[PDB]
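I have placed the structure first, in the form of structure tokens, so that the comments after it can refer back to it.
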Amino acid sequence: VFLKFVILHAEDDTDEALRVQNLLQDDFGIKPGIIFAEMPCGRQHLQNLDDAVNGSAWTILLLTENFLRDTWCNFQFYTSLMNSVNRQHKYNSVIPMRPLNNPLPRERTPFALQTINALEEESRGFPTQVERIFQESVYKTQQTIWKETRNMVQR
Amino acid sequence: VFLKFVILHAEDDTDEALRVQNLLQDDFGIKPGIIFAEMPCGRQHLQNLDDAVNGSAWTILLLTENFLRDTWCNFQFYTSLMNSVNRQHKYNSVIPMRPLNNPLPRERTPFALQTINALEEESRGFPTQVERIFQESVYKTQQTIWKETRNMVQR
Amino acid sequence: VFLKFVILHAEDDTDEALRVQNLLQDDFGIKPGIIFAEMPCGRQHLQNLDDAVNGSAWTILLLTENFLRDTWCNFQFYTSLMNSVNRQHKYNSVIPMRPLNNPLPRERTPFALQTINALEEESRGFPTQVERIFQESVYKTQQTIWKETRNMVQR
Amino acid sequence: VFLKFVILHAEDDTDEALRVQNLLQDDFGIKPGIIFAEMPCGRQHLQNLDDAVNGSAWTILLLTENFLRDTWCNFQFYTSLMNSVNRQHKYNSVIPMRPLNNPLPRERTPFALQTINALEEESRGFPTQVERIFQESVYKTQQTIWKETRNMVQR
Amino acid sequence: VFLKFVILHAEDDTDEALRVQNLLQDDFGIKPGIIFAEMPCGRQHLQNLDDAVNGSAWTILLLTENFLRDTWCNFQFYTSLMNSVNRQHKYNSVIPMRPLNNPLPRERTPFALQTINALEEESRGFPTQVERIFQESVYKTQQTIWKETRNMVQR
């Protein structure tokens, strides 16, 4: 399995993540895709995070007003940022998007996100920019590598 | 005999274990499966535990609010954890699941369980994640080995 | 009589038990202490086991390579494990220690022991950890109770 | 007892841990401090881990080239990470430090560690940064709480 | 602690940063001051960046020929630029200075820096312009605020 998109969320906002997940899968037909919670039960969350980073092309940060309020949440996506930096194959995989439900405002955004275009479903821009960018060839390039990039790990 | 699932329970909660056992067997058709109490009478509980660990693919921890309250109960599943660690054939066989009847809360969970996805029949997630995971091939792989893994013990 | 330590051994290894017994008594001055064989002649072994469990603070499992090879040997220390679980006064009295002479290896250890720190005279650790733990107050606490715990049985 | 530092190590590297332990204790006078192996014999390793987490101010990860190669080793420090996240009293207690003996290289570091400053005795930086940080008041603050934080557990 | 100056550098050029740091501290007596590497060990680099931005009056960009060659380096000082824009208290705190060791040439400078006076230790100008500008009152103004600006954060 390899995902077109993965949503990172706080459990308080899983309905929003789902809603987004639905919107992503349903409207765009962008499937398969996983939210952090679904990852195989009975395993370590950390290990699933690492595997999840590998298994997803793009990495959606559900920028909910209190997404930052829980410390470990800050820790989790930090590693994702590095992974985008580390591997060309994941370059810009980390997609900050303000939710509809209580988006994080610009007043206090962490500067790191301020340096990046943070999207929003409220905006006219989001769907056209996704359409223009999140396309077969862009995904095809990523997955084609991924599979062989993990065959090495299974030989 | 080899089990798809084995439930570990405290005698105070055997009705819940049964109910779960029924739900598992009845709804999913996941049969055969045993709860700790049923193991052959007249034998040592410890020895049955060891054999039970071998005889079951997955190992359900009935995380009842007072499941931890009895010390030996803590001892019992500790060994199961090791067995998951020890043998690939039992990797993640230990499935922490909060019951419906007075589940153990997150306030005081033993950190070890906190590191793991603990399931719950209250959740929307549990049945779909089981369906996606607890499937013929996954069980087939485990049992196929088990039988020969014990023929060695009976030659 | 109440013992600081009791050694459980197979007759094939009594020299090792003795050697250990000597080392324990001689080096540490930890006296008195008994090995399973010495228990009063002409009595039932089982009954001596029960009394021996009561009469000893700590309970050394001479983990010789074939200590497990004789079935009843497995049965004997099983009851000791329960007694540690049953009585606070005997909590952790059961001390698995790999001998010098052909210690049981980690390859096949019974998982129950794997969950526990099993000591070894080969290690640098064993003597310092004993010194730090097996001390007057720890023993004093146990014996002080024991005596009155059996006066009840003799009134 | 409460420790200024605790070293987490794989048994293959205990000499390095010791050497580090010596260097820490001897050069800086930072005493007392324990390595994972020393924890009271005859007890469960897991339980000692939990108590060890409580008993130490700082938590040194002996990042030896094969420290990650053993799975349970990965599991162990995962819980420590959470404990740093969970309790302010342990904030940043988890100190990743590359050993002298075959340090883990940056080529394959687990991203989580990549997000953190990992120290190294090879560097000019390590001793001055410790001196500037690991100081009476910082330790005093931690221990002063710890003692009362466990008096609650012993009342 | 509050710094007169902070140097931002790539690890390949730490000797230059040090040399500059020495020159700054030694020649001008401008102390204390920190280079990016020194920030407290065991913490997140990003968080230290944010705190470092607050803790320094002026922010030296070690414009080494390959300072831009590493992408995240570009990201880091971008946030600093904003902070100068955001807060009057940090207005022009960001001081681009070409090093002695392989300075970035004007041929390919990023236009943003081209709009700004970029200093150079090779020039006659640098020391007199620093003397005329980096003076007690200018620093006094900044620190006096800083301290109370963080008392708000610690009340």
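Computed from the coordinates by the stated procedures, all read-outs in this text should not be read as laboratory data. FYI the Cβ positions are ideal-geometry reconstructions off the backbone, even for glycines, and counts take in every protein chain you see.
For this structure, a couple of remarks:
- Neighbour-limited loop hits for trypsin sites (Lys or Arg not before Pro), the stretch D:68-143 (at most 12 other Cβ within 10 Å; DSSP other than H, G, I, E, B): D:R106, D:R108, D:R124
- Measuring from the axis that maps chain E onto chain A, the chain E residue with the nearest beta carbon and its rounded distance in angstrom come out as E:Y78, 1.
- Across D:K140/E:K31; D:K147/E:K90; C:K147/D:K140; C:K147/D:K90, pairs whose alpha-carbon gap is larger than 32 Å: D:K147/E:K90; C:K147/D:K140; C:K147/D:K90
- 0 to 90° range, to nearest 10: angle between helix B:14-28 axis and chain B longest Cα axis: 70 degrees
- Qualifying GluC sites (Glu not before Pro) in the stretch D:34-142, DSSP loop, other Cβ atoms within 10 Å at most 12: D:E107, D:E122
- Its Cα gyration tensor gives the stretch C:92-149 an equivalent ellipsoid; the semi-axes, largest first and in whole Å, are 27, 15, 9.
- Antiparallel DSSP beta bridges within the protein assembly as shown, as percent of all bridges there, nearest 5: 10 percent
- Most simply put, chain C has about 5% antiparallel DSSP beta bridges, counting only bridges with both residues inside it.
- Cα centroid separation - the stretch D:7-46 against the stretch C:113-149, whole Å: 20 Å
- Whole-number D in µm²/s for the protein assembly as shown (Stokes-Einstein; Kirkwood sum over Cα pairs; 37 °C, 0.692 mPa s): 107 µm²/s
- Inter-copy label distances at E:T141 (7 Å, Cα→Cβ; nm, one decimal): 3.3, 4.9, 6.7, 6.8
- Ratio Rg/Rh [Cα only; Rh per Kirkwood] for the stretch B:1-130: 0.92
- Helical runs (DSSP H, four residues minimum) scored at -39500 (n - 2.57) apiece and divided by the length of the protein assembly as shown put the mean residue ellipticity at 222 nm at -14000 deg cm²/dmol.
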